[PDB]
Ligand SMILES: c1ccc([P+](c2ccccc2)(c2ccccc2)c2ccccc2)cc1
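Take a look at this single chain, the form deposited without tetraphenylphosphonium, given in structure tokens.
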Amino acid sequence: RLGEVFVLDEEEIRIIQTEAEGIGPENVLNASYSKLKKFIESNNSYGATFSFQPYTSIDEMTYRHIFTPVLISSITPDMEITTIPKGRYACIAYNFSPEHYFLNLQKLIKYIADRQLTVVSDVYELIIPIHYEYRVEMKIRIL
């Protein structure tokens, strides 16, 4: 159940997110996901969102928004309150590793190409720090 696409029915998650001014996977892979954290320092797990495309290489990618799940007021603009709507999701979870990232993205991409699915959201990249290493849940909404 780790390193393979599954389709689940998620409930809705409330989040706080902001614009990911330029930053992309290429930058996080040149460091740690700790980078995104910085954008949202103003919950415990964080994430990024990016347009779903059949990318042929990381460089083509660029994140759109950095977000964090919530659990509320006194929030400035430049930070938005939204959710990750309840729905059917194609998910692929793995332990973070540069080599893995692109590879898994490809699996998800292929999984949707075949199965001729219809995506209705961006790819959500959820980072979950594992403290005894990162856990990554890549998912995208489908119809």
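A residue's number is simply how far along the shown sequence it sits, counting from 1.
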{"item": "Deposited but uncoordinated residues in the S34/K35 interval", "value": "none"}
{"item": "Residues of the deposited sequence left unbuilt between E133 and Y132", "value": "4 to 9"}
{"item": "Stretch with the greater mean C-alpha B-factor as recorded in the entry, comparing 60-68 against 103-111", "value": "103-111"}
{"item": "Segment of higher mean CA temperature factor, 17-25 or 121-129", "value": "17-25"}
{"item": "Criterion, highest CA B-factor; candidates, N95, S51, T76, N44", "value": "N44"}
{"item": "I140, C-alpha B-factor rank within chain (lowest, middle or highest third)", "value": "lowest"}
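The following text describes the form solved in complex with tetraphenylphosphonium, which does not appear among the structures shown.
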query: Open or blocked: tetraphenylphosphonium superposed from its pose in the deposited complex, cut-off 2.4 Å to backbone or C-beta; finding: blocked
query: is_contact(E11, tetraphenylphosphonium) in the deposited complex, heavy atom dist at most 4.5 Å; finding: no
query: 4.5 Å heavy atom contact, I127 to tetraphenylphosphonium in the deposited complex; finding: yes
query: Tetraphenylphosphonium contact in the deposited complex: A48, any heavy atom under 4.5 Å; finding: yes
query: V28, heavy atom within 4.5 angstroms of tetraphenylphosphonium in the deposited complex; finding: yes
query: Sequence-ordered residues of 65-94 touching tetraphenylphosphonium in the deposited complex, heavy atom within 4.5 Å; finding: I66
